[PDB]
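**Q** For reference, the structure I am asking about is given below.
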Amino acid sequence: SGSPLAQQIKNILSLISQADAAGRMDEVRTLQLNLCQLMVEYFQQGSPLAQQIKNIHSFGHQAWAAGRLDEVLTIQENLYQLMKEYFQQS
Ligand SMILES: [Zn+2]
């Protein structure tokens with residue numbers, strides 16, 4: 001974890017919000033791929049909130065691998081809300 005990584009996570013969270021509002025569906029997909037990688041790197045190796053971000057991210061991968069879109073989507077809602085809290089990015 002680190003401050004430049006934290007700001008890049010905040011940048012990508014902000015662009016996801018902007019791209020979503022503007023209807024840029026392909027860019028949203030790319031942004032979510034970037035956020036995924038940044039989360040793996042930032043949370044490598046914490047507070048209860050950080051532990052739950054890590055757990056929920058892991059279960060998100062398991063749901064995605066099975067194509068379980070219904071569970072992916074509500075995992076995403078939970079994960080992204082916790083990320084917005086941890087990184088103070090509304
Ligand atoms: Zn991921």
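Simple scheme: letters A, B, ... for chains in structure tokens order, numbers from 1 for residues in each chain, numbers from 1 for ligands in the order shown.
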Using only C-alpha atoms and all ligand atoms, which protein or nucleic acid residues are at most 10 Å from ligand 1, as a count of residues only?

**A** 18

**Q** Identify all residues of segment 28-73 of chain A in alpha helix (DSSP H) (DSSP on the backbone) and supply them as a PyMOL selection string.

**A** chain A and resi 28-42+48-65+69-73

**Q** Do you have the atom CA of residue 83 of chain A-atom CA of residue 67 of chain A distance handy?

**A** 23.1 Å

**Q** If we count only C-alpha atoms and set the cut-off at 12 Å, which residues sit around segment 23-31 of chain A, ignoring sequence neighbours fewer than 4 positions away in its own chain? Please answer as a PDB file with N, CA and C atoms, in the first residue's frame.

**A**
```pdb
ATOM      1  N   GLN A   8      -4.078   6.873  -7.115  1.00  0.00           N
ATOM      2  CA  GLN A   8      -4.501   6.314  -8.396  1.00  0.00           C
ATOM      3  C   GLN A   8      -5.783   5.513  -8.251  1.00  0.00           C
ATOM      4  N   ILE A   9      -5.953   4.798  -7.131  1.00  0.00           N
ATOM      5  CA  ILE A   9      -7.249   4.182  -6.859  1.00  0.00           C
ATOM      6  C   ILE A   9      -8.346   5.244  -6.804  1.00  0.00           C
ATOM      7  N   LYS A  10      -8.094   6.367  -6.118  1.00  0.00           N
ATOM      8  CA  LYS A  10      -9.107   7.420  -6.072  1.00  0.00           C
ATOM      9  C   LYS A  10      -9.392   7.972  -7.463  1.00  0.00           C
ATOM     10  N   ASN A  11      -8.350   8.124  -8.282  1.00  0.00           N
ATOM     11  CA  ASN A  11      -8.543   8.603  -9.655  1.00  0.00           C
ATOM     12  C   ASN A  11      -9.450   7.666 -10.437  1.00  0.00           C
ATOM     13  N   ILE A  12      -9.197   6.360 -10.323  1.00  0.00           N
ATOM     14  CA  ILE A  12      -9.972   5.398 -11.097  1.00  0.00           C
ATOM     15  C   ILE A  12     -11.402   5.326 -10.582  1.00  0.00           C
ATOM     16  N   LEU A  13     -11.593   5.359  -9.254  1.00  0.00           N
ATOM     17  CA  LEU A  13     -12.953   5.449  -8.732  1.00  0.00           C
ATOM     18  C   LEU A  13     -13.685   6.659  -9.293  1.00  0.00           C
ATOM     19  N   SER A  14     -13.007   7.807  -9.355  1.00  0.00           N
ATOM     20  CA  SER A  14     -13.637   9.008  -9.905  1.00  0.00           C
ATOM     21  C   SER A  14     -13.987   8.841 -11.377  1.00  0.00           C
ATOM     22  N   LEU A  15     -13.084   8.251 -12.156  1.00  0.00           N
ATOM     23  CA  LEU A  15     -13.379   8.055 -13.570  1.00  0.00           C
ATOM     24  C   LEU A  15     -14.496   7.047 -13.780  1.00  0.00           C
ATOM     25  N   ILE A  16     -14.602   6.018 -12.931  1.00  0.00           N
ATOM     26  CA  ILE A  16     -15.740   5.112 -13.047  1.00  0.00           C
ATOM     27  C   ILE A  16     -17.046   5.871 -12.856  1.00  0.00           C
ATOM     28  N   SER A  17     -17.104   6.744 -11.842  1.00  0.00           N
ATOM     29  CA  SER A  17     -18.314   7.534 -11.632  1.00  0.00           C
ATOM     30  C   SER A  17     -18.601   8.427 -12.836  1.00  0.00           C
ATOM     31  N   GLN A  18     -17.571   9.094 -13.361  1.00  0.00           N
ATOM     32  CA  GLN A  18     -17.782   9.988 -14.497  1.00  0.00           C
ATOM     33  C   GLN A  18     -18.161   9.209 -15.746  1.00  0.00           C
ATOM     34  N   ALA A  19     -17.450   8.117 -16.029  1.00  0.00           N
ATOM     35  CA  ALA A  19     -17.738   7.368 -17.246  1.00  0.00           C
ATOM     36  C   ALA A  19     -19.125   6.751 -17.172  1.00  0.00           C
ATOM     37  N   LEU A  35      -9.154  -1.035 -11.756  1.00  0.00           N
ATOM     38  CA  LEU A  35      -9.396  -1.007 -10.314  1.00  0.00           C
ATOM     39  C   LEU A  35      -9.115  -2.360  -9.680  1.00  0.00           C
ATOM     40  N   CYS A  36      -9.532  -3.442 -10.350  1.00  0.00           N
ATOM     41  CA  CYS A  36      -9.257  -4.775  -9.849  1.00  0.00           C
ATOM     42  C   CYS A  36      -7.771  -4.958  -9.550  1.00  0.00           C
ATOM     43  N   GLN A  37      -6.920  -4.679 -10.547  1.00  0.00           N
ATOM     44  CA  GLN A  37      -5.477  -4.850 -10.377  1.00  0.00           C
ATOM     45  C   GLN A  37      -4.942  -3.960  -9.266  1.00  0.00           C
ATOM     46  N   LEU A  38      -5.415  -2.714  -9.203  1.00  0.00           N
ATOM     47  CA  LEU A  38      -4.935  -1.803  -8.177  1.00  0.00           C
ATOM     48  C   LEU A  38      -5.330  -2.289  -6.789  1.00  0.00           C
TER      49      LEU A  38
END
```

**Q** Which neighbours of residue 85 of chain A fall inside 12 Å, counting only C-alpha atoms, when residues of the same chain fewer than 6 positions from it are skipped, and could you give them as a PDB file with N, CA and C atoms, in the first residue's frame?

**A**
```pdb
ATOM      1  N   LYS A  10      -8.094   6.367  -6.118  1.00  0.00           N
ATOM      2  CA  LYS A  10      -9.107   7.420  -6.072  1.00  0.00           C
ATOM      3  C   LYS A  10      -9.392   7.972  -7.463  1.00  0.00           C
ATOM      4  N   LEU A  13     -11.593   5.359  -9.254  1.00  0.00           N
ATOM      5  CA  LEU A  13     -12.953   5.449  -8.732  1.00  0.00           C
ATOM      6  C   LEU A  13     -13.685   6.659  -9.293  1.00  0.00           C
ATOM      7  N   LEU A  49     -12.031  -3.027   8.030  1.00  0.00           N
ATOM      8  CA  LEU A  49     -12.540  -2.612   6.725  1.00  0.00           C
ATOM      9  C   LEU A  49     -11.647  -3.130   5.597  1.00  0.00           C
ATOM     10  N   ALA A  50     -10.325  -2.998   5.749  1.00  0.00           N
ATOM     11  CA  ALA A  50      -9.423  -3.527   4.717  1.00  0.00           C
ATOM     12  C   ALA A  50      -9.572  -5.039   4.581  1.00  0.00           C
ATOM     13  N   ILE A  53     -12.719  -5.647   2.522  1.00  0.00           N
ATOM     14  CA  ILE A  53     -12.480  -5.367   1.108  1.00  0.00           C
ATOM     15  C   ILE A  53     -11.763  -6.555   0.458  1.00  0.00           C
ATOM     16  N   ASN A  78     -21.399  -3.778  -2.936  1.00  0.00           N
ATOM     17  CA  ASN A  78     -20.839  -3.800  -1.586  1.00  0.00           C
ATOM     18  C   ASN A  78     -19.374  -3.385  -1.606  1.00  0.00           C
ATOM     19  N   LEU A  79     -18.591  -4.002  -2.498  1.00  0.00           N
ATOM     20  CA  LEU A  79     -17.160  -3.743  -2.593  1.00  0.00           C
ATOM     21  C   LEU A  79     -16.884  -2.279  -2.896  1.00  0.00           C
TER      22      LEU A  79
END
```

**Q** Excluding residue 72 of chain A and its own-chain neighbours fewer than 3 positions away, which residues fall within 6 Å of it when counting only C-alpha atoms? Please give them as JSON, numbers by chain.

**A** {"A": [60, 63, 69, 75, 76]}

**Q** Atom CA of residue 46 of chain A and atom CA of residue 1 of chain A, how far apart in Å?

**A**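 These two atoms are separated by 10.6 Å.
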